[PDB]
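Asker: no sequence on hand, only this structure:
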Ligand SMILES: Nc1cnc2ccccc2c1
Ligand SMILES: Nc1cnc2ccccc2c1
Ligand SMILES: Nc1cnc2ccccc2c1
Ligand SMILES: Nc1cnc2ccccc2c1
């Protein structure tokens, strides 16, 4: 792909592959999430940041500081069929001392219509202590020149689905998938579990009949803790209602929370 | 991509993606196997066959007959780095009434050098009864016009690694990864476990130290039985050997029913 005319956003076109589609011959939400991650990487490379998924500056590298996803929000109107070309436009925006935001717009290359949109909140943390730091003055001036100065939101709606608090699921869960482990294909270049894997694990506890009669429209996911290579996960789901669900990912042993989220599904 | 000038082979270029690489900053063998599957699907579409992974004709669809992988053989000399463009050329060849063969050649787009090669054996079977059958003349004549008439082998060698019999691993296995289950991302459009998942499951029992100090050079995998969506798998490995060789076994964690058997060859980095 390439940076747009103003150098404040990045665009890339993707053809949907045969192994990237589900039972309804269209891309899965995990395929979409992978393409957003890929276009975010190419945007970070096109302007000089690191490309390991942390988008760091030389200053951030010296201080052992990385960017970590705290929240992901995805809304899909139409999943592209295999062979279809999808165009994704992405940009970053500063959210003061709290962190950074990356937004995406998905379009049909042939019609030009918006078929999806995503937003994500990123926080700064020490890679070793796993702490959390306010965006310091020195670090923000290094990335602000690559962000639009006026607000540019994929989800502009005054107080919408991406800014609501997610509650903690109470036991007993209605549905569950237990004993979920990552394999080497679930790890990234830094040997950490890929963020898309957690989306897949959340969806493992959705009953088969929902998957067979409904299409996933919205997904909001909070990232509270990372699952290590040798950890085992339990995926929990309860219907809160269209069909809505509350989700919970937690360590199979102690029940330590790793993720919490919500999904909205539409009848086919 | 596109069919070549003679319409007897297909070529496609792929850029390596950020999520497609491993710890060495290069594509994994599972990424490669996925790209071979993708280029095979585009070749089947470019000449009118089905695109569900079974590459069927109207005659085969009428008889509930599909093509299934019996063996996969992959040899990688250089794994492409992310951002690198890899060009894959694929073609089919008839192997009499036994079945068909699909071959691949992987190249560096910039240098033009061969960085890998693969071969696979496919058998014809009834979708429902799961019973294999020898290719009839009516079925053979429908695909022969899309195959080179002279033999065209990715592995031409007098006695090569892709035609050797794989023995059954004996208990106790040296290494093992137990309780492996497929998720929805491991299923294809027909809700069957993707063939690349079995390659990943085989490699789950290779010790971390080998993965950290060696690079996978050769992998030969036999597909004896399919793992169902609700099945659990056990992955077993024993060292059989500057190079490291292993014997592999995938089997159902319950009854110990065999699903796959294979061999891997690794070279020191
Ligand atoms: N409607 C969809 C889309 N993508 C999915 C991805 C993983 C699991 C279930 C899904 C259902
Ligand atoms: N805080 C950041 C991080 N990475 C970026 C990559 C491209 C453009 C703007 C960015 C801002
Ligand atoms: N050297 C390699 C290449 N690809 C792999 C894929 C899956 C697991 C281990 C691997 C090791
Ligand atoms: N037996 C088959 C199946 N699919 C093919 C696709 C393209 C060219 C030749 C083929 C032969």
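Answerer: Yes, it's here. Numbers count the residues shown, from 1 in each chain, chains lettered A, B, ... in the order given. Ligands and ions are numbered 1, 2, ... in the order given.
Asker: all strands of chain A, in order?
Answerer: Using DSSP state E, the strands of chain A run over A:2-3, A:10-15, A:65-76, A:85-94, A:100-108, A:114-126, A:175-180, A:214-223, A:233-239, A:243-251, A:257-267.
Asker: residues of the second one that come out buried?
Answerer: Translated: strand A:10-15. A:10-12, A:14 (16 or more other Cβ atoms under 10 Å in any protein chain shown). Bear in mind the C-beta positions are built from the backbone N, C-alpha and C, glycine included.
Asker: that strand pairs with which strands?
Answerer: Next to strand A:10-15 in the sheet, as set by DSSP bridges, lie strand A:2-3 (antiparallel), strand A:85-94 (antiparallel).
Asker: next one: the first one to chain centre, how far?
Answerer: Spelled out, it's strand A:2-3. Chain-centre distance of strand A:2-3: 21 Å, with Cα atoms, centre = their mean, to the nearest Å.
Asker: quick one: is it near ligand 2?
Answerer: No - on the criterion Cβ under 6 Å from any ligand atom, strand A:2-3 is out of touch with ligand 2, staying 8.9 Å away.
Asker: who touches that strand?
Answerer: A:9-12, A:43, A:46-47 (Cβ atoms under 8 Å, 6 or more residues apart in numbering or on different chains).
Asker: which ones among those residues come in contact with ligand 4?
Answerer: Answer for the contacts of strand A:2-3 near ligand 4: none qualify (Cβ under 6 Å from any ligand atom).
Asker: ok, now which ones touch the nearest residue to residue A:8 once chain neighbours are set aside?
Answerer: Leaving aside its chain neighbours, residue A:8 sits nearest to residue A:148 (4.9 Å; criterion: Cβ to Cβ, 6 or more residues apart in numbering or on different chains). Counting by Cβ under 8 Å, 6+ apart, residue A:148 touches A:8-9, A:91, A:93.
Asker: also residue A:65?
Answerer: By Cβ under 8 Å, 6+ apart, the neighbours of residue A:65 are A:56, A:124-127, A:133, A:139.
Asker: so who does residue A:223 touch?
Answerer: By Cβ under 8 Å, 6+ apart, the residues touching residue A:223 are A:68-72, A:195, A:198, A:258-259.
Asker: make JSON lines from those and add neighbour count and distance to ligand 1 to it.
Answerer: Below are these laid out as JSON lines (neighbours: other Cβ atoms under 10 Å in any protein chain shown; distance: Cβ to the nearest ligand atom, whole Å):
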{"residue": "A:68", "neighbour count": "18", "distance to ligand 1": "23"}
{"residue": "A:69", "neighbour count": "17", "distance to ligand 1": "18"}
{"residue": "A:70", "neighbour count": "17", "distance to ligand 1": "22"}
{"residue": "A:71", "neighbour count": "19", "distance to ligand 1": "19"}
{"residue": "A:72", "neighbour count": "25", "distance to ligand 1": "14"}
{"residue": "A:195", "neighbour count": "22", "distance to ligand 1": "14"}
{"residue": "A:198", "neighbour count": "25", "distance to ligand 1": "12"}
{"residue": "A:258", "neighbour count": "21", "distance to ligand 1": "18"}
{"residue": "A:259", "neighbour count": "24", "distance to ligand 1": "15"}
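Asker: and for the closest residue to residue A:78 other than its chain neighbours, the neighbour number?
Answerer: Using Cβ to Cβ, 6+ apart and skipping the chain neighbours, the partner closest in space to residue A:78 is residue A:115 (4.1 Å). Number of residues near residue A:115 (other Cβ atoms under 10 Å in any protein chain shown) recorded here: 18.
Asker: just want the residue of the stretch 1-150 of chain A that's nearest ligand 3.
Answerer: Relative to ligand 3, the nearest point of the stretch 1-150 of chain A is residue A:19 (15.2 Å; Cβ to the nearest ligand atom).
Asker: can you tell me the closest non-neighbouring residue to that residue?
Answerer: Closest residue to residue A:19 apart from its sequence neighbours, by Cβ to Cβ, 6+ apart: residue B:34 at 5.2 Å.
Asker: residues in contact with the closest residue to ligand 3 within chain A?
Answerer: Per Cβ to the nearest ligand atom, the residue of chain A with the smallest distance to ligand 3 is residue A:184, at 4.2 Å. Residue A:184 makes contact with B:22, B:28, B:200, B:203-204, B:211 under the criterion Cβ under 8 Å, 6+ apart.
Asker: now, the most widely separated pair of those?
Answerer: Farthest pair in the contacts of residue A:184 (Cβ to Cβ) is B:22 and B:204. Separation: 13.9 Å.
Asker: any idea how far residue A:190 lies from ligand 2?
Answerer: Distance of residue A:190 to ligand 2, computed by Cβ to the nearest ligand atom, to the nearest Å: 17 Å.
Asker: cool, residue A:250 as well?
Answerer: Distance of residue A:250 to ligand 2, given as Cβ to the nearest ligand atom: 30 Å.
Asker: my guess is residue A:68 meets residue A:125, correct?
Answerer: Yes - assessed by Cβ atoms under 8 Å, residue A:68 is found in contact with residue A:125 at 5.3 Å.
Asker: show me what contacts residue A:74?
Answerer: If you count contacts by Cβ under 8 Å, 6+ apart, residue A:74 has them with A:29, A:32-33, A:36, A:116-118, A:218-219.
Asker: with neighbour count added, can I get those residues in CSV?
Answerer: Listed next are those as CSV, based on neighbours: other Cβ atoms under 10 Å in any protein chain shown:
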residue, neighbour count
A:29, 24
A:32, 28
A:33, 24
A:36, 22
A:116, 24
A:117, 21
A:118, 23
A:218, 18
A:219, 25
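Asker: what sits against whichever residue of the stretch 51-200 of chain A sits closest to ligand 1?
Answerer: Nearest residue of the stretch 51-200 of chain A to ligand 1: residue A:200, at 5.8 Å (Cβ to the nearest ligand atom). Listed by Cβ under 8 Å, 6+ apart, the contact set of residue A:200 reads A:30, B:183-185.
Asker: max pairwise distance over the residues you listed: which two?
Answerer: A:30 and B:183 (9.4 Å).
Asker: and for residue A:144, the neighbour number?
Answerer: Neighbour tally, residue A:144, other Cβ under 10 Å: 12.
Asker: distance of the residue in the stretch 151-268 of chain A positioned nearest to ligand 4 relative to ligand 2?
Answerer: Residue of the stretch 151-268 of chain A nearest ligand 4, by Cβ to the nearest ligand atom: residue A:185 (27.0 Å). Residue A:185 sits 26 Å away from ligand 2 when distances are taken as Cβ to the nearest ligand atom.
Asker: that residue: neighbouring residues, count only.
Answerer: Using other Cβ under 10 Å, residue A:185 has 24 other residues around it.
Asker: same check on residue A:4?
Answerer: Using other Cβ under 10 Å, residue A:4 is surrounded by 12 other residues.
Asker: in contact with residue A:78, which residues?
Answerer: So residue A:78 contacts A:108, A:115-116 (Cβ under 8 Å, 6+ apart).
Asker: quick one: residues contacting the residue of chain A found nearest ligand 4.
Answerer: Proximity of chain A to ligand 4 (Cβ to the nearest ligand atom) peaks at residue A:18, 13.4 Å away. By Cβ under 8 Å, 6+ apart, residue A:18 lies in contact with A:82, B:37-38, B:41-42, B:51, B:53.
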